Novice: 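Structure in structure tokens, see below.
The figures here come from the full heavy-atom set of this structure, side chains too, leaving out hydrogens, waters and symmetry mates. Convention: sequence-line order gives letters A, B, ...; per-chain numbering from 1.
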There are 2 protein chains.
Amino acid sequence: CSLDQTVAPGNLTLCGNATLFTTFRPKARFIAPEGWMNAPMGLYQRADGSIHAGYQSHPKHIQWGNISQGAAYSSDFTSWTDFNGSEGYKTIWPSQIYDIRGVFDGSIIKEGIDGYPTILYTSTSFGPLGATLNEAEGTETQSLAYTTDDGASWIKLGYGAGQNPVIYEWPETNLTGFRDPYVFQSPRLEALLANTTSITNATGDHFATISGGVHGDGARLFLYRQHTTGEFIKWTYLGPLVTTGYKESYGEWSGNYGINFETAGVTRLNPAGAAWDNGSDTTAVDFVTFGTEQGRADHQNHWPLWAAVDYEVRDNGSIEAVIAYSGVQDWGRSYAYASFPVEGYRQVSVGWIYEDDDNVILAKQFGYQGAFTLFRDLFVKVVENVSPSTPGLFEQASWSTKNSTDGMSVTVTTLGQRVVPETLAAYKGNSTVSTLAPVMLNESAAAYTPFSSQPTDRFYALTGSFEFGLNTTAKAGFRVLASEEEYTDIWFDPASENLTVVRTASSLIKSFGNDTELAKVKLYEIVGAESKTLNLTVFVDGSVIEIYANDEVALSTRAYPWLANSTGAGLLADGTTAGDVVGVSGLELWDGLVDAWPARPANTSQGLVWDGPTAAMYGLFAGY
Amino acid sequence: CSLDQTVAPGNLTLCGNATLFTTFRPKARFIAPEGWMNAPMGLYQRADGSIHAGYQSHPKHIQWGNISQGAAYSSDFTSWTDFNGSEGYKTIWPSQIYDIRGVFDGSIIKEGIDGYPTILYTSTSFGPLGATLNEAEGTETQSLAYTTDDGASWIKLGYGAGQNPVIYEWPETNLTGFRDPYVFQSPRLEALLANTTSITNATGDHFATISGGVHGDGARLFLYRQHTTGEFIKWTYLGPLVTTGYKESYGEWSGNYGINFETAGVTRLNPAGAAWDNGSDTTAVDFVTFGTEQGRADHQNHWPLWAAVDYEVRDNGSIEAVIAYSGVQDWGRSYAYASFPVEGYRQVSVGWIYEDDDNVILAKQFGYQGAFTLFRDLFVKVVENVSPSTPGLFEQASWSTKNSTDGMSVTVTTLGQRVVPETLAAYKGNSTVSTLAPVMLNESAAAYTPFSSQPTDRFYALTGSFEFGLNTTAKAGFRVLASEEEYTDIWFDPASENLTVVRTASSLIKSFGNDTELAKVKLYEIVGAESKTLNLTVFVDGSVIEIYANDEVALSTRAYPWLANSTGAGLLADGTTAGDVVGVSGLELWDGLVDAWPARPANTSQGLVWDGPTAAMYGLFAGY
Ligand SMILES: *[C@@H]1O[C@H](CO)[C@@H](O[C@@H]2O[C@H](CO)[C@@H](O[C@@H]3O[C@H](CO[C@H]4O[C@H](CO[C@H]5O[C@H](CO)[C@@H](O)[C@H](O)[C@@H]5O[C@H]5O[C@H](CO)[C@@H](O)[C@H](O)[C@@H]5O)[C@@H](O)[C@H](O[C@H]5O[C@H](CO)[C@@H](O)[C@H](O)[C@@H]5O)[C@@H]4O)[C@@H](O)[C@H](O[C@H]4O[C@H](CO)[C@@H](O)[C@H](O)[C@@H]4O[C@H]4O[C@H](CO)[C@@H](O)[C@H](O)[C@@H]4O[C@H]4O[C@H](CO)[C@@H](O)[C@H](O)[C@@H]4O)[C@@H]3O)[C@H](O)[C@H]2NC(C)=O)[C@H](O)[C@H]1NC(C)=O
Ligand SMILES: *[C@@H]1O[C@H](CO)[C@@H](O[C@@H]2O[C@H](CO)[C@@H](O[C@@H]3O[C@H](CO[C@H]4O[C@H](CO[C@H]5O[C@H](CO)[C@@H](O)[C@H](O)[C@@H]5O[C@H]5O[C@H](CO)[C@@H](O)[C@H](O)[C@@H]5O)[C@@H](O)[C@H](O[C@H]5O[C@H](CO)[C@@H](O)[C@H](O)[C@@H]5O)[C@@H]4O)[C@@H](O)[C@H](O[C@H]4O[C@H](CO)[C@@H](O)[C@H](O)[C@@H]4O[C@H]4O[C@H](CO)[C@@H](O)[C@H](O)[C@@H]4O[C@H]4O[C@H](CO)[C@@H](O)[C@H](O)[C@@H]4O)[C@@H]3O)[C@H](O)[C@H]2NC(C)=O)[C@H](O)[C@H]1NC(C)=O
Ligand SMILES: *[C@@H]1O[C@H](CO)[C@@H](O[C@@H]2O[C@H](CO)[C@@H](O[C@@H]3O[C@H](CO[C@H]4O[C@H](CO)[C@@H](O)[C@H](O[C@H]5O[C@H](CO)[C@@H](O)[C@H](O)[C@@H]5O)[C@@H]4O)[C@@H](O)[C@H](O[C@H]4O[C@H](CO)[C@@H](O)[C@H](O)[C@@H]4O[C@@H]4O[C@H](CO)[C@@H](O)[C@H](O)[C@@H]4O)[C@@H]3O)[C@H](O)[C@H]2NC(C)=O)[C@H](O)[C@H]1NC(C)=O
Ligand SMILES: *[C@@H]1O[C@H](CO)[C@@H](O[C@@H]2O[C@H](CO)[C@@H](O[C@@H]3O[C@H](CO[C@H]4O[C@H](CO)[C@@H](O)[C@H](O[C@H]5O[C@H](CO)[C@@H](O)[C@H](O)[C@@H]5O)[C@@H]4O)[C@@H](O)[C@H](O[C@H]4O[C@H](CO)[C@@H](O)[C@H](O)[C@@H]4O[C@@H]4O[C@H](CO)[C@@H](O)[C@H](O)[C@@H]4O)[C@@H]3O)[C@H](O)[C@H]2NC(C)=O)[C@H](O)[C@H]1NC(C)=O
Ligand SMILES: *[C@@H]1O[C@H](CO)[C@@H](O)[C@H](O)[C@H]1NC(C)=O
Ligand SMILES: *[C@@H]1O[C@H](CO)[C@@H](O)[C@H](O)[C@H]1NC(C)=O
Ligand SMILES: *[C@@H]1O[C@H](CO)[C@@H](O)[C@H](O)[C@H]1NC(C)=O
Ligand SMILES: *[C@@H]1O[C@H](CO)[C@@H](O)[C@H](O)[C@H]1NC(C)=O
Ligand SMILES: *[C@@H]1O[C@H](CO)[C@@H](O)[C@H](O)[C@H]1NC(C)=O
Ligand SMILES: *[C@@H]1O[C@H](CO)[C@@H](O)[C@H](O)[C@H]1NC(C)=O
Ligand SMILES: *[C@@H]1O[C@H](CO)[C@@H](O)[C@H](O)[C@H]1NC(C)=O
Ligand SMILES: *[C@@H]1O[C@H](CO)[C@@H](O)[C@H](O)[C@H]1NC(C)=O
Ligand SMILES: *[C@@H]1O[C@H](CO)[C@@H](O)[C@H](O)[C@H]1NC(C)=O
Ligand SMILES: *[C@@H]1O[C@H](CO)[C@@H](O)[C@H](O)[C@H]1NC(C)=O
Ligand SMILES: *[C@@H]1O[C@H](CO)[C@@H](O)[C@H](O)[C@H]1NC(C)=O
Ligand SMILES: *[C@@H]1O[C@H](CO)[C@@H](O)[C@H](O)[C@H]1NC(C)=O
Ligand SMILES: *[C@@H]1O[C@H](CO)[C@@H](O)[C@H](O)[C@H]1NC(C)=O
Ligand SMILES: *[C@@H]1O[C@H](CO)[C@@H](O)[C@H](O)[C@H]1NC(C)=O
Ligand SMILES: *[C@@H]1O[C@H](CO)[C@@H](O)[C@H](O)[C@H]1NC(C)=O
Ligand SMILES: OC[C@H]1O[C@](O)(CO)[C@@H](O)[C@@H]1O
Ligand SMILES: OC[C@H]1O[C@](O)(CO)[C@@H](O)[C@@H]1O
């Protein structure tokens, strides 16, 4: 095993465990110290204002198993510190008959058991578990634990009658899944149900959704309500909140609803951020965010979606969330988005970016798998004075339209996402910032034009505004992680409305994924404008490429170039002419970003272990 | 619920949990503080000379489940003190994927991991588990833990390759069971295998048996040898030590070998006690003790047996234990005997006495189930100068015979059992002792003759020597726990060779078992004697009646009389005449015995709990 990044890569499968630990590793984002991670969990703002982030964790392994909560904290979403206790950076782990198969996703009741922060999580036991298997009741239940030390440790309620698990009965038969309890307060839902509480007797101030579906009949999000305020054992099933069809799709802008939901959450937003009104705010919109399974041919069969919903009260004292419009939270290799409330009327969302090594060829050599996305403020994005001749505008697919009185302009409403400002400020302030001169892309434009200043490593951010003619057929964007032989191309093509990431040349190492990523982006044309603009922000962080367009469209993906000098970046141009020009302005390179884990050394591997021959006997975990 | 023991019992099923806690409860023996107990486990003499006793334990329940090691200690086998730690009196409990279904029986390596006492135990996980089910590999494995604090706590080795569990591969397919590792040193087996160690490479100084069987083809005791001295991970399967047939019986004196072994152990004894020679002691005999399942119509389908064996070395470097003669360790409601070495060349054996409430009618009202037997010294019982006209003597069923040179006398050899002398001394010294005048039972004998001194409660011991004519048809014995309306009759009938416990009148409460207990006892007639003698010792301890005959035959059973005055005792006589007389001598009553748990209050119940609806979902434990 040679680690010479000045020549072509050898057979890297001969390299030892964690020998490629630093080679492709993100430095500027949330990631476990080592080993396997997946979904964010247990997210909450602590009493001191800091952020507690949990995650599904399997230390010293590179596949899922014995799934536990790893945890860390931060005062700014950006610079983090690991917890360190008797189980290292773990704070909840399989320990009881009811959760021995895995401590799955859970969410936080801030004022819970004895007034302490309390997690409601999916406790798993034995038996077939999965949307395509014949799962039985009891395999997935929901259990409580609380912390007396601000997340350094958690104490589970005892096992038994009137204790853990607290939710165990399936609300309907033949479930495809029954997990990921999302606990939330909702003045909105309380107001809607206030006249029906005699029917159910559920009067608590916390609601909980559980994600799943029904075999052969599509996904389901089940709504529970805390039976009595201040009491956390009894949760009353109201009814299905979201019901979708078996592999139903709302269309090209909306992914596919698959057969089963995972990590679903419920929020209410307005243009500024989180909305906590009872329905009285006419600018507020109710949203559900959710993953779906088995409705996608690639990306691990997983869509991270969202939907704007209108709540209707059923006669039995439950709520139907009727989907008004439906979109995609991220178009690339990410999933398991969780959102949580943050002080100052914010709702912040974060997901998991998986690797692109689905055949597990170099996972052991990495010594880790997975990272988070960046943390994102959610809000209602409102675009005013939109031209009615914007192509496809009245499809109203992942947005809504309201006509002006005179019919000459439209107000567009959709889900907004933007990187939390704490991270943008810290990134910029710790980077070497190059403000670049605007570039007009015309007949003289090369295919690729390097920026006048270049990155020094694989940790940087790019921004640019691309102004296109209303009838352009030109394409433009950014090339990143680029040398002569390796590069990743991010293109926008207004004619097709497609943002793509072409990865055919991303790496000389042939075992990584190389499929082209694709997102739809609607450039809402403004009344009186003779052009349309794409604002593109790109974060390059080890192997992560995370793309944001117009504070709306997100696409996370992976690139693993071998050569040490595959770090360059610049502008891409295709079919730009004297007549069909693309004006690029607001160009800026931030080189360096932030060291997100300042207390960690460069190599936090502790080696990898094998569970031994019993792993196959038990049949629950891969074992490595 | 009335607790008036001066009148007939009401409907006791209306009584609350643990309301009958003290009513029938033993006071003078090893018993858990409350709840369910079964098999002794983890038995060893500690460095300070005290005895550590573990037991299968399910606190706050009255059926088996979440099975754990409860523990206590004693300097004299007789007066005990509970451990008290973070889990009360438990010291090992289900905590890992490999043992989450139960910490089953295990035994002690005195100089184990890092020189500490170390337990090898059966770690159980999910799946069908049982001799009549389709069990699969992995459900029962064998794991290690060690103690740095003389049994107050145990530290398990980690889960994984080269760690726990240390034995997981089934030595043959379609096992009925794979549990109860019994670790022992054996100069005998080492000498026998010394010429074959090239074939197996196993040269360690510890052996281990694992108890089981093969579906459709009878029980098996599998022999393993520690691969290397001072190393505890690698154990090498040599071969089957004991192989018996599907429900094979050696006859009327030997129970039935059933379909599966449990709690089997291996020892070597001589007339004085334990023998640690390499084979050079011609007075020493190799013994296996073992439980069998599904070879009995009652007593929970369970026989506690023993066999004298002659070891043969196989060509593949393993040992066949050929059964020479075969007997019964206890004929009544006991099972799961364990033996362990004790200083001064002793091997001490102790078992579990279950209740006689198999339909679980008053278990909750008790608030506990189970106790130990008394602790018993094992030795080779030798009877010299036996008359060749002793009926049935050359059947050699659970004994051996060697003729004198002249053929006029026989030496009989069998397994001896007697209560450890520490317990007999403590019992006698703490009791009010009445030495009773000898009684000749003839034509004047009533059916029942009370002793001249009577017990004051349900805690006493009786002794007597019953001298019978060689052709008697008379029966005699002891009545215990007796009032006019309730009593338990212990009869010996030399003509049939049957010792019986008749329990048709044991209690006015009709839900308890009332079947007649039966043991075979061979009165070895001595050359020149004109009579034959039965030495009977009986312990009455709450509901336990534990009977010993001639330091050989043991029979443990249960009686639950309701009336406060059903405590009396005396002599039984049937068919005694002027000509057929039974001479009773050596009569003694010990009233009171010992308070075996002096630090415990009278009521150590902590209440009972229900596991809730998930118990049936998981399907592993009853849940109460
Ligand atoms: C199979 O068997 C298994 C083993 O038995 C069994 O698992 C066990 O289940 C039991 C029962 O559910 C659990 O017991 C609970 O424990 C809770 C605390 O748990 C935390 O702490 C313990 C102990 O920690 C000590 O010891 C450890 C280990 O040595 C040390 O490392 C610690 O530092 C600490 O040491 C100190 O203390 C020791 C003495 O205890 C000293 O020896 C030592 O020197 C130190 O000073 C840990 O072991 C736990 O760890 C385990 O669990 C965590 C997850 O929780 C895992 O991550 C970890 O790996 C371990 O597995 C853990 O950290 C108790 O809080 C709880 O007691 C309460 O509940 C019961 C009711 O259920 C009440 O009876 C009791 O009164 C308590 O309730 C009161 O208190 C709470 C708040 O404190 C209130 O909310 C509540 O209302 C109530 O208040 C009452 O009193 C108030 C007055 O004070 C009053 O105001 C109120 O009005 C009210 O009256 C309970 O004891 C046990 O932890 C499990 N153990 C393990 C190892 O799993 C399993 O379930 C069985 N399975 C089946 C299928 O049956
Ligand atoms: C799913 O995830 C699960 C959770 O991660 C996982 O279970 C965990 O598995 C790991 C890995 O196997 C276990 O880790 C081992 O722990 C052993 C000790 O275990 C005992 O102590 C711990 C910790 O106790 C502290 O904390 C608790 C809880 O708060 C307190 O109550 C205690 O009082 C104590 O607190 C003090 O210390 C804390 C810091 O740790 C402080 O915070 C605190 O302030 C106090 O000061 C307990 O938690 C354990 O309890 C659990 O387990 C018991 C059964 O064992 C249960 O009954 C109970 O309910 C709990 O479940 C327990 O009591 C370690 O000994 C062990 O470390 C050794 O092994 C590894 C190799 O495997 C080596 O890397 C390491 O070096 C150690 O080996 C050396 O040392 C031993 C002797 O000590 C030697 O024999 C050995 O050769 C070696 O020697 C070396 O060094 C020498 C120099 O010193 C040198 O001479 C030699 O040459 C050599 O080089 C390991 O860390 C962990 O316990 C499990 N946890 C739980 C909760 O289950 C599970 O397996 C996963 N499942 C799957 C399927 O994957
Ligand atoms: C005395 O000690 C007991 C512990 O032994 C302790 O707890 C009680 O334990 C008993 C079992 O011994 C439990 O009985 C079972 O109850 C089930 C129904 O339970 C529901 O109704 C109850 C009555 O109002 C409620 O009290 C229950 O509430 C508790 O539990 C819920 C969780 O479900 C919790 O949220 C609450 O907070 C409470 O803690 C609950 O709503 C019965 O289904 C179960 O019935 C079976 O067993 C009976 C007896 O054999 C049979 O009559 C039935 O036919 C059925 O049995 C069959 O069982 C066989 C073998 O199991 C099987 O093959 C068949 O399929 C079928 O199941 C049983 O009756 C009792 O619920 C529980 N009470 C609790 C937790 O409060 C007591 O509390 C303790 N007393 C005191 C004063 O301390
Ligand atoms: C680097 O990190 C690893 C942890 O990832 C760590 O431990 C090693 O982990 C790998 C897995 O990643 C283990 O490989 C497996 O080994 C099995 C055979 O193992 C036996 O032979 C080995 C070779 O000499 C021995 O080293 C082993 O000894 C150890 O374990 C025993 C317990 O068994 C213990 O007593 C010892 O003390 C040692 O700890 C052992 O005797 C293979 O069966 C298994 O093979 C499968 O997977 C391969 C790779 O994909 C395939 O080629 C095979 O076809 C087969 O895979 C198929 O798998 C799929 C999915 O699993 C399934 O559908 C099929 O049925 C089939 O199974 C695999 O190769 C390795 O044993 C283990 N080594 C250990 C513990 O020492 C390394 O130690 C670490 N390195 C360093 C330097 O730290
Ligand atoms: C980058 O490195 C490769 C291999 O060392 C080399 O061929 C190339 O010329 C280098 N410089 C570039 C692409 O600017
Ligand atoms: C890479 O090495 C592996 C052994 O780890 C070997 O099986 C494989 O064929 C090698 N690839 C080549 C030579 O291209
Ligand atoms: C569907 O549900 C019932 C239990 O409610 C169960 O008997 C059945 O096996 C389930 N699965 C299928 C494939 O029908
Ligand atoms: C309430 O009604 C809805 C619609 O029929 C149904 O899906 C839900 O299960 C009902 N809730 C119950 C039975 O608790
Ligand atoms: C919205 O505006 C467009 C263009 O002016 C028009 O075609 C459409 O009918 C209008 N919708 C409503 C509800 O007035
Ligand atoms: C650098 O990053 C840290 C950690 O996020 C942040 O607190 C600090 O303000 C940044 N430095 C600047 C903006 O100069
Ligand atoms: C065409 O592009 C080049 C490079 O940006 C620029 O120098 C030139 O001015 C552009 N042409 C026009 C007409 O603006
Ligand atoms: C743009 O994307 C869609 C998928 O939404 C695809 O069907 C279409 O062919 C693409 N068009 C072009 C020109 O790339
Ligand atoms: C024993 O008690 C019962 C009921 O109180 C009574 O009938 C009997 O005479 C008492 N005394 C005896 C049997 O000596
Ligand atoms: C017997 O053994 C094999 C595995 O060795 C297994 O396939 C089979 O199902 C077992 N049980 C029966 C009843 O044959
Ligand atoms: C040794 O031989 C015996 C008798 O054939 C056999 O039962 C045992 O399994 C053998 N041991 C092995 C294969 O390790
Ligand atoms: C043992 O003694 C009996 C009676 O004297 C006799 O029948 C039998 O043959 C003797 N056995 C041997 C082996 O000599
Ligand atoms: C009473 O019993 C205790 C505990 O077993 C024992 O140590 C003591 O010697 C006994 N008293 C006597 C024999 O007087
Ligand atoms: C018969 O028994 C009675 C009571 O034990 C006794 O007094 C009497 O002496 C016995 N008869 C003979 C002949 O010994
Ligand atoms: C004595 O016990 C045996 C069982 O070993 C039984 O078959 C026989 O009938 C009994 N005989 C009498 C007289 O009780
Ligand atoms: O690690 C298990 C967790 O990951 C998910 O499957 C999402 O990928 C959740 O539904 C579950 O709680
Ligand atoms: O409690 C389980 C234990 O009890 C036994 O079944 C004997 O009755 C053992 O074989 C086992 O280890």
Side-chain angles (χ1 to χ4, degrees), chain A residues 58-61 65-68 86-87 93-103 123-129 135-143 157-170 178 233 607-621 623-624, chain B residues 58-61 65-68 87 93-103 123-129 135-143 155 157-170 178 233 607-621 623-624:
Chain A
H58 194 22
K60 306 178 77 182
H61 294 68
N66 196 30
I67 207 71
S68 295
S86 56
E87 300 305 320
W93 45 82
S95 70
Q96 292 280 316
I97 193 61
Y98 61 87
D99 71 12
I100 198 63
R101 191 253 194 78
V103 172
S123 41
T124 69
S125 198
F126 294 103
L129 196 167
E135 184 171 321
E137 194 175 49
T139 294
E140 298 185 283
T141 60
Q142 329 302 322
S143 291
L157 295 183
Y159 173 61
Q163 318 181 77
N164 277 338
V166 297
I167 301 164
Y168 42 84
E169 306 226 315
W170 275 9
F178 188 62
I233 303 304
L608 300 175
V609 300
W610 183 41
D611 290 356
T614 62
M617 295 180 187
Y618 305 145
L620 303 176
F621 321 132
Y624 49 90
Chain B
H58 194 22
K60 306 178 77 182
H61 294 68
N66 196 30
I67 207 71
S68 295
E87 300 305 320
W93 45 82
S95 70
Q96 292 280 316
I97 193 61
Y98 61 87
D99 71 12
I100 198 63
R101 191 253 194 78
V103 172
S123 41
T124 69
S125 198
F126 294 103
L129 196 167
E135 184 171 321
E137 194 175 49
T139 294
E140 298 185 283
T141 60
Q142 329 302 322
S143 291
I155 300 169
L157 295 183
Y159 173 61
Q163 318 181 77
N164 277 338
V166 297
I167 301 164
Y168 42 84
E169 306 226 315
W170 275 9
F178 188 62
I233 303 304
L608 300 175
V609 300
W610 183 41
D611 290 356
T614 62
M617 295 180 187
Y618 305 145
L620 303 176
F621 321 132
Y624 49 90

Novice: Kindly give the heavy-atom pair with the smallest separation between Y159(B) and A615(A), and that separation in Å.
Specialist: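 Scanning both residues completely, I find the closest heavy atoms to be OH-N, 3.7 Å.
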
Novice: Who wins among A136(B), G160(B), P165(B), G127(B) for the most heavy-atom pairs under 4.5 Å with chain A?
Specialist: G160(B)

Novice: As an exercise: rank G623(A), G158(A), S125(A) by heavy-atom pairs under 4.5 Å with chain B and give me the winner.
Specialist: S125(A)

Novice: Can you tell if the side chain of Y618(B) reaches within under 4.5 Å of the side chain of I97(A), non-hydrogen atoms only?
Specialist: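 Yes; the side chains approach each other to less than 4.5 Å.
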
Novice: Using non-hydrogen atoms only, which part of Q163(B) is less than 4.5 Å away from chain A: side chain, backbone, both, or neither?
Specialist: neither

Novice: With a 4.5 angstrom heavy-atom cut-off, is it the side chain or the backbone of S95(B) that approaches chain A, or both, or neither?
Specialist: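 Backbone only.
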
Novice: With chain B as the partner, which of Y168(A), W610(A), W93(A) has the greatest number of non-hydrogen pairs under 4.5 Å?
Specialist: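 If we count pairs closer than 4.5 Å to chain B, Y168(A) comes out on top.
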
Novice: How long is the gap from OH on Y98(A) to CE on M617(B), to the nearest 0.5 Å?
Specialist: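 The OH atom of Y98(A) sits 15.5 Å away from the CE atom of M617(B).
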
